[PDB]
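*Asks:* Below: one structure in structure tokens.
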Ligand SMILES: C[C@@H](CN)Oc1cccc(CN2CCC3(CC2)C(NC2CCCCC2)=NC(=O)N3c2cccc(F)c2)c1
């Protein structure tokens, strides 16, 4: 247990993301920061906002250096605008180091911050290629590795339903997982891009061309709540999940995330819903492994009734393995060896468990990738 002080350093609210404490500036200003492997900017709320309990006050930080350049980050669901600068940054429940990092001071935003989420900023852990304004703005993790001896790796244990978890920086904590860690290559260093080679619903192959699973990319994203699937894959997966859960019928809108279904406290029939398996490309020629998720992961909780939302949704920008997928596992972002590791999380029911299994023989896996 050498990484013991980093265990349980994450907090959150169901479907509102996981956040870590980060200390910025001099004297110290500690804020709650969203852990986001799907973006590459370190950015903090820097002006009052109704959804913010606290914000970064640059005038109070003697070490703050204004880069005198604006930054704008737009997404489909929201956006933010701010000012670029650099300041001293430490993670009190993270590595024992202090770095000078790029920081975007968010002055205006639209549908970005979440009311009651308890976080005031975002830590983009992906690579420089997708940083804004461009790839010359060094991401936080790159600054960390360049300025210190911290090994070029981090790992995440996101615990599902108030939520908690651990972000281990510079290593792997063996108390956070059971069984073996199975690695999939990082195809390209921009998002944490991976290759899905096969999909099963209750052991039944979806039988789609594997190029469709990765069209136009498949990413591992701690900042996205859902498992997001390309339209054609989503349609086939829903059709298969509906057929496997036919002991009870649900309205069409439930599968589209438009309708919620609620059950009396402790009566959710988890047993009627299928398990879902995603096969990932392994580290050896023709070898793959699979990660299996339970309905406890893909039906997320939103009194006497437990309300759930179907947390598999459609995408037009590739597959997104969000918190739905990550919650069943201990996930290792091995940047040094360009690979992502999965193991069963130390954080299910009496009949089934999330699993990481292999090896399997899968031929022509290279044909599954989009070019
Ligand atoms: C925790 C999550 C719960 N919905 O809320 C947030 C809020 C802010 C940021 C993030 C991280 N994160 C920011 C980026 C994200 C996902 C979540 C996105 N990513 C795409 C990029 C292209 C490839 C596929 C993935 N598209 C969106 O519209 N997003 C978004 C979602 C919600 C709000 C938003 F402003 C942007 C998540």
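Numbers in chain A track Swiss-Prot; the residues on display, in order, are 58-218, 230-370, 376-420, 423-446.
Header entry for method reads X-ray crystallography, 1.8 Å.
Cβ atoms are placed via backbone N, Cα and C, with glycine included.
According to Swiss-Prot, the feature active site maps to 93, 289, an assignment based on sequence analysis. Sequence annotations record features per position, and here Swiss-Prot assigns disulfide bond to 216-420, 278-443, 330-380. Feature annotation from Swiss-Prot assigns N-linked glycosylation site to 153, 172, 354. The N6-acetyllysine feature in Swiss-Prot is assigned to 126, 275, 279, 285, 299, 300, 307; the stated evidence is experimental evidence.
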*Asks:* Nearest of the recorded positions to residue 216 (disulfide bond) by CA-CA distance, picking from 275, 330, 380, 443?
*Replies:* 380
*Asks:* Less than 6 Å between Cβ and the nearest atom of ligand 1 is the rule; apply it to the recorded positions 93, 172, 420.
*Replies:* 93
*Asks:* For residue 330 (disulfide bond) and residue 307 (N6-acetyllysine), determine the Cα separation and express it in whole Å.
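*Replies:* So the alpha carbons of residue 330 (disulfide bond) and residue 307 (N6-acetyllysine) sit roughly 22 Å from each other.
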*Asks:* State the Cα to Cα distance, in Å, between residue 153 (N-linked glycosylation site) and residue 307 (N6-acetyllysine), rounded to an integer.
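*Replies:* Just about 49 Å between their Cα atoms.
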*Asks:* Going by Cα-Cα distance, which of the recorded positions (172, 275, 278) sits nearest to residue 126 (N6-acetyllysine)?
*Replies:* 172
*Asks:* Given 5 residues with no model between residue 370 and residue 376, what whole-number C-alpha distance in angstrom do these ends have?
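*Replies:* Both gap-flanking Cα atoms are 12 Å from one another.
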*Asks:* Listing them in sequence order, which of the recorded positions 93, 279, 300, 420 have their Cα within 10 Å of that of residue 443 (disulfide bond)?
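*Replies:* Among 93, 279, 300, 420, the ones whose Cα sits within 10 Å of that of residue 443 (disulfide bond) are 279.
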*Asks:* Rounded to a whole angstrom, give the Cα distance between residue 420 and residue 423, which sit at either end of 2 unmodelled residues.
*Replies:* 9
*Asks:* Could you round the CA separation between residue 300 (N6-acetyllysine) and residue 278 (disulfide bond) to a whole angstrom and send it over?
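*Replies:* Here the two Cα atoms lie 12 Å apart.
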*Asks:* Unmodelled stretch of 11 residues from residue 218 to residue 230; how many angstrom between the C-alpha atoms?
*Replies:* 7
*Asks:* When the Cα of residue 279 (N6-acetyllysine) is compared with the Cα of each of the recorded positions 172, 285, 299, 354, 420, which one is closest?
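*Replies:* Spatially nearest to residue 279 (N6-acetyllysine) by Cα position is 285.
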